[PDB]
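One chain comes next, on its own, written as structure tokens: the form deposited in one PDB entry.
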């Protein structure tokens, strides 16, 4: 496990979601998340056009907890989280579709703009 190479993994053929193997975690269903349960993970948002970081869990030093299998998060997080393992830190690129659709958030994310977000599974419970 002393390799220094990354791999690109497209979540959807549409090209709206693409994760990149940054830091391999455990690997296996035993380290997979569970729907309908309080799960705790860490992730940070960053723009590719501006290259700035925003909404970083670490930037404030506070883990975010949520329940999987719910319609509170976009396909980007749902798919990524449902396609990641424990201790698995990777970066997913959300296009201008699965993200905030056509109406981004304020004047920080204008429509028709790709965004990058790094997700990492910390631990889940009930």
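Positions refer to the first chain, counted from 1.
Same protein, other form: the form deposited with a partner chain bound, not shown, and the subject of what follows.
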### Query
Hey, in the bound PDB entry, does residue 55 get a heavy atom within 4.5 angstroms of the partner chain?
yes
### Task
Flag residue 72 as yes or no: does it have a non-hydrogen atom within 4.5 angstroms of any non-hydrogen atom of the partner chain in the bound PDB entry?
yes
### Query
Can any non-hydrogen atom of residue 109 be found within 4.5 angstroms of the partner chain in the bound PDB entry?
yes
### Message
Would you classify residue 105 as touching the partner chain in the bound PDB entry, given a 4.5 Å non-hydrogen atom cut-off?
### Response
yes
